[PDB]
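In what follows, a single structure is set out as structure tokens and then discussed.
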Amino acid sequence: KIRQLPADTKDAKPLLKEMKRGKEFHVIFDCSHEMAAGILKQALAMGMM
Amino acid sequence: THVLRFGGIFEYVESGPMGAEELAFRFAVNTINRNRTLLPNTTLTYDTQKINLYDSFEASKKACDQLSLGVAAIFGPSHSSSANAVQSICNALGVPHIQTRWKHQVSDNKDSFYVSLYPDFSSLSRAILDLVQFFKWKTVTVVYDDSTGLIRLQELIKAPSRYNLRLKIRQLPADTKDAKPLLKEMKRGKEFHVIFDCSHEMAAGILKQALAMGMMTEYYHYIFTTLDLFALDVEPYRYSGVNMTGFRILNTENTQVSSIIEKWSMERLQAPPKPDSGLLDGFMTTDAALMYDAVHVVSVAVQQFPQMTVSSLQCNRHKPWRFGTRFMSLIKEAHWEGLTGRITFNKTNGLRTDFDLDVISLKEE
Amino acid sequence: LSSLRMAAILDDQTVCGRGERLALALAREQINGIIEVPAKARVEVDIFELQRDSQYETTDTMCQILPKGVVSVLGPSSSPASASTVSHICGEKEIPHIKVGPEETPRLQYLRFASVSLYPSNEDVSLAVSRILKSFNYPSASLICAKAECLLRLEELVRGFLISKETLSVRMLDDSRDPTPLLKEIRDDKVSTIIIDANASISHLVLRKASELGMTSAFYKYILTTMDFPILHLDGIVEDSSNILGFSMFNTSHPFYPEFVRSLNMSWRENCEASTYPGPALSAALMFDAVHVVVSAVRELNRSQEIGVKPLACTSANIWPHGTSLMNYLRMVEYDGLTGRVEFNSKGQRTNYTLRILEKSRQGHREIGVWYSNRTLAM
């Protein structure tokens with residue numbers, strides 16, 4: 001299932017909330033690593049880590 | 001015209017020149033003097049000493065010194081051993097003692113001229129019992145800091161014999177703030193529901209360690225007895241869905257409450273906690289709040305009682321205070337609607353077990 | 001100096017008591033009587049009867065004691081409130097407090113510690129109850145605490161069990177002191193072992209009420225923890241079916257135990273024979289043994305150094321000059337005596353101590369073996 005990152009921001013909280021709601025547990029993230037660190041902090045404070 | 005002095009025996013604080021409790025006591029006497037509705041013809045003077053921590057002989061020396069100066073009450077201290085030492089000096093010498101933090105009471109100890117103001121952990125733990133049943137928890141795990149005995153959880157330990165609850169008690173590493181082996185045992189055991197019973201400075205650390213150990217998911221539900229839960233900061237975990245549910249005694253709905261809290265905070269009186277700990281600024285913690293109430297409940301009883309004045313009282317060579325029974329009764333029968341709700345005392349033991357709690361919980365906001 | 005004078009504190013009464021005055025005196029008589037060469041410093045034991053368990057009274061007594069320039073302050077025997085004030089005063093003054101009763105204070109380790117406790121530690125009895133229950137294949141026990149200070153005394157026992165109706169549940173005595181509803185709950189839930197904990201008299205009351213509720217039969221195992229267990233004598237509560245078990249540390253085989261029990265037998269009837277004398281309660285021995293402890297360590301320090309006592313006033317902070325040294329010498333002392341081996345760990349507790357278990361019989365004791373301090377339960 002393909003989901004786009006927010007190109008508006010790094011605040012991926014809506015997207016991560018859908019990812020959790022849908023029980024999606026395995027995610028292939030393709031992003032440059034600054035965005036990877038941002039998404040991992042916002043994944044931690046979203047209880048997905 | 002009337003002078004009347006209180007004593008205070010407060011701890012040595014490396015947080016600064018004045019401890020939070022001490023600042024409140026100093027701020028309280030001033031606030032209760034500048035009010036005109038209360039103690040109009042009199043005033044308060046306050047002789048506050050400090051002690052080192054765990055210094056019962058020095059604390060008893062201090063109490064002998066203050067009572068030799070002439071006091072009508074001795075407030076503080078906080079740590080249980082120094083608390084009990086001052087209690088016994090006062091009980092024989094007749095001068096009312098008005099503690100603030102929960103001490104462990106010895107069940108022999110027949111002493112009566114003491115009144116406590118922390119809401120007593122028997123009834124508070126009974127509240128936690130009524131909460132566990134509401135969430136229909138069957139398995140709970142109580143984690144207690146060793147400094148406090150399991151005695152304040154005695155209703156939680158008697159509780160499995162009268163319901164179906166599979167309690168399991170574990171001890172927080174007391175020497176450390178880093179409880180990762182404990183937390184890993186808690187997770188391998190799938191102990192989803194935990195009743196932490198620790199001071200909130202420990203509770204901020206435990207919650208932070210939990211997030212790292214990934215126990216902050218939408219599974220776990222952590223109930224906390226620490227009545228400073230609202231003053232903890234929860235923005236690192238608000239969206240996680242961990243269902244923390246704690247108790248909270250401060251009447252932050254009321255406007256006189258929120259303006260007194262504002263005065264205490266915006267007067268920079270407190271010492272700013274750093275953002276490493278995950279704790280917050282500008283909050284009057286429960287400890288200090290009870291003290292602000294304590295100066296008042298005693299001062300209400302003073303205002304009701306015109307003719308007592310202090311008298312100099314040597315230790316071991318002087319009689320019970322000649323006004324101790326009268327002043328103590330009036331302190332025990334005071335209904336004062338303070339910052340922490342109503343203040344009234346279970347007249348048997350001078351404790352406080354009637355108090356209107358607010359359960360707070362972690363909603364996504 | 002010329003007399004190693006030390007200070008008793010006896011909470012006990014002088015009439016029909018644990019007789020501690022007499023035991024401390026007997027020990028004094030035995031030591032200043034055993035003539036050695038060269039003629040040494042004498043032993044005098046100054047004795048101070050304390051009325052109540054109030055810290056205020058104790059501070060008065062200790063301020064009445066420090067001028068006497070005493071090497072240590074024995075006791076107080078059964079006053080767990082007064083114990084923390086003595087220990088606090090003498091840890092201030094650098095003078096050892098040889099505690100002889102338990103400690104039901106929380107006893108923070110960061111607290112000023114210069115106290116050696118001849119009384120089995122609360123963790124250590126807890127492990128003994130844990131390991132007797134591991135011998136009985138972990139039945140669904142239920143603990144009957146007298147006060148709430150049970151829970152601080154048997155703390156590690158509680159933590160090491162999933163507290164429920166099925167492994168271990170705590171009941172406590174109510175204010176009524178009538179255990180019959182509790183035993184009715186215990187009989188309800190099919191609770192095989194009951195771990196009664198109290199002082200010795202509330203122990204008799206739980207058992208007598210239990211014997212009448214018909215709960216003393218073949219099925220029930222009662223692991224009493226009240227470490228005064230040699231003085232409990234039961235009539236109509238003890239059957240050969242009955243399985244009450246206590247612990248007792250007396251090394252009866254030590255030569256003095258027969259004679260001492262004769263001396264404590266004589267000075268029991270004279271004060272009062274209103275009840276028959278139920279045997280030497282434990283605190284007499286721990287005091288008798290402890291006077292030997294402190295005399296032995298002080299005597300060693302009196303050799304490698306020379307120790308002077310100073311009129312010490314609780315006002316002035318003058319500290320006994322040799323105190324932490326005597327502490328060090330106390331923590332390595334070993335005396336084999338009425339209370340068994342007396343050796344102390346670094347924490348100031350007691351280790352290498354033998355709690356000889358007893359399972360009661362229709363008249364008295366059947367040593368069913370020992371729970372050692374280290375090599376746990378070689379029964």
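Cβ sites come from the backbone with ideal geometry, for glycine too, and all protein chains shown count toward neighbours. What follows is calculated from the coordinates using simple rules that are stated; it is not laboratory data.
Remark: relative contact order (the range B:183-290) = 26 percent; criterion is Cα-Cα distance under 8 angstrom and separation of 6 or more residues.
Cα gyration tensor of the protein assembly as shown, axes a ≥ b ≥ c as square roots of the eigenvalues: rounded (a/c below 1.5), prolate (a/b > b/c) or oblate? Judged from the Cα gyration tensor, the protein assembly as shown comes out oblate (a/c at least 1.5, b/c at or above a/b).
The H on the amide N of C:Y353, modeled in the peptide plane, is under 5 Å from the matching H of C:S373, C:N374, each at least 5 residues off or on a different chain. For the range B:314-358, with the dipole built from +1 on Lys and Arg beta-carbon atoms and -1 on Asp and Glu ones, taken about the Cα centre, which of B:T340, B:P320, B:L351 lies farthest toward the positive end? Checked the options; the winner is B:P320.
Overall, the protein assembly as shown carries a charge dipole of about 760 debye about its Cα centre when +1 sits on the Cβ of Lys and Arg and -1 on the Cβ of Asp and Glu, all other atoms neutral. DSSP beta bridges fully contained in the range C:316-379 are about 100 percent antiparallel. A simple spin-label model places the labels of B:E365 and B:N30 3.6 nm from each other, with each point 7 Å out along Cα-to-Cβ.
Helical content of the protein assembly as shown, expressed as a calculated mean residue ellipticity at 222 nm, amounts to -10500 deg cm²/dmol (DSSP H runs of 4 or more residues, -39,500 (n - 2.57) each, divided by residue number, nearest 500).
Among beta bridges identified by DSSP and lying wholly in the range B:159-293, the antiparallel ones come to about 25 percent. Annotation: amide H of C:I47 within the under-5 Å range of C:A8, sequence separation 5 or more or interchain, hydrogens built in the peptide plane. In order along the range B:97-106, phi translates into HN-Hα couplings of 9, 10, 4, 9, 9, 5, 9, 7, 8, 7 Hz, rounded to whole numbers, per the Karplus curve 6.51 cos²θ - 1.76 cosθ + 1.60 with θ = phi - 60° and x for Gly and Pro. DSSP bridge analysis restricted to the protein assembly as shown gives an antiparallel fraction near 35%, rounded to the nearest 5.
Given R₀ = 56 Å, what would the calculated FRET efficiency be for B:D65 paired with C:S192, taking r from the Cβ atoms and rounding to 0.05? For B:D65 and C:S192, the calculated efficiency is 0.45. Cross-link partners for C:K347 among the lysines, with Cα-Cα distance under 17 Å and sequence neighbours closer than 8 places in the same chain left out: C:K99. Close amide H contacts of B:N254 (hydrogens built in the peptide plane, cut-off under 5 Å, sequence separation of 5 or more or a different chain): none are found.
In summary, the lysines within cross-link reach of C:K360, defined as a Cα separation below 21 angstrom excluding same-chain residues under 8 places away, comprise C:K134, C:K209, C:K221. Taking a point 7 Å out from the Cα of C:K68 in the direction of its Cβ, the residues of the range C:275-291 whose backbone N falls within less than 17 Å of it are C:287-288, C:290-291. Just check chain B against the gyration tensor rule for me: Cα atoms, a ≥ b ≥ c as the square roots of the eigenvalues, rounded for a/c under 1.5, and otherwise prolate or oblate depending on whether a/b exceeds b/c. Cα axes put chain B in the prolate bin.
Efficiency by 1/(1 + (r/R0)^6): what FRET value for C:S135 and A:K1, r their Cβ-Cβ distance, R0 = 41 Å, to the nearest 0.05? So the FRET efficiency works out to roughly 0.10. Peptide B:177-183 is shielded by partner chain Cβ atoms: per residue, an average of 0 of them sit within 10 Å of its Cβ. For chain B, the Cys residues with no second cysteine's beta carbon closer than 4.7 Å are B:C90, B:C198.
About the centre of its Cα atoms, chain C shows a dipole size close to 600 debye [charges on the beta carbon of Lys, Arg (+1) and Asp, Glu (-1) only; nearest 20 debye]. Only Cα pairs under 8 Å and 6+ residues apart enter the sum, and on that basis the relative contact order of chain B stands at 20 percent. What angle, in degrees between 0 and 90 and rounded to the nearest 10, separates the Cα long axis of helix B:286-304 from the longest principal axis of the Cα atoms of chain B? Tilt relative to chain B: about 30 degrees.
Computed over the range B:1-105, relative contact order equals 33 percent, with contacts defined as Cα pairs under 8 Å that lie 6+ residues apart.
Projecting the Cα positions of C:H365, C:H322, C:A285 onto the charge dipole of the range C:269-379 (unit charges on Cβ atoms of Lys, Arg, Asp and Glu, taken about the Cα centre) puts C:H365 furthest along the positive direction. Sorted ascending by nearby beta carbons within 10 Å, beginning with the fewest, A:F29, C:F260, B:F345, C:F136 become A:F29, C:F136, B:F345, C:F260.
Considering only A:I28, C:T225, B:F192, and ranking their Cα positions along the charge dipole of the protein assembly as shown that arises from unit charges at the beta-carbon of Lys, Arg, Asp and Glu, the one farthest toward the positive end is A:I28. FRET efficiency for the B:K110 to C:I34 pair, using the beta carbon distance and R₀ = 45 Å, is estimated at 0.55. Evaluating 6.51 cos²θ - 1.76 cosθ + 1.60 at θ = phi - 60° for every residue in the range B:162-170, the Karplus couplings come out as 10, 9, 9, 9, 9, 4, 7, 9, 10 Hz, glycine and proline recorded as x.
Each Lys and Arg adds +1 at its Cβ and each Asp and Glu adds -1 at its Cβ; summed about the Cα centre, the range C:226-338 shows a dipole of about 640 debye. Using the alpha-carbon atoms, what tilt in degrees (0 to 90, nearest 10) does helix C:82-93 show relative to the longest principal axis of chain C? It works out to around 30 degrees. A simple rule links phi to the HN-Hα coupling: the Karplus curve 6.51 cos²θ - 1.76 cosθ + 1.60 with θ = phi - 60°, which for the range B:57-68 gives 6, 6, 5, 5, 5, 4, 5, 5, 5, 5, 5, 7 Hz, with x for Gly and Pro.
Using a simple spin-label model with pseudo-atoms 7 Å out from Cα toward Cβ, B:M266 and B:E253 lie 2.4 nm apart.
Of all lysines in the structure, those lying under 25 Å Cα to Cα from A:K20, and not within fewer than 8 positions of it along the same chain, are A:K1, A:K10, A:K41, B:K184, B:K187, B:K190, B:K208, B:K363. Can you tell me the 0 to 90 degree angle between the C-alpha axis of helix B:255-266 and the longest principal axis of chain B, rounded to 10? In chain B, helix B:255-266 runs at an angle near 90 degrees to the longest axis.
Using alpha carbon centroids, what distance separates the range C:335-379 and the range B:311-340, in Å? The two parts, judged by their Cα centres, are 49 Å apart.
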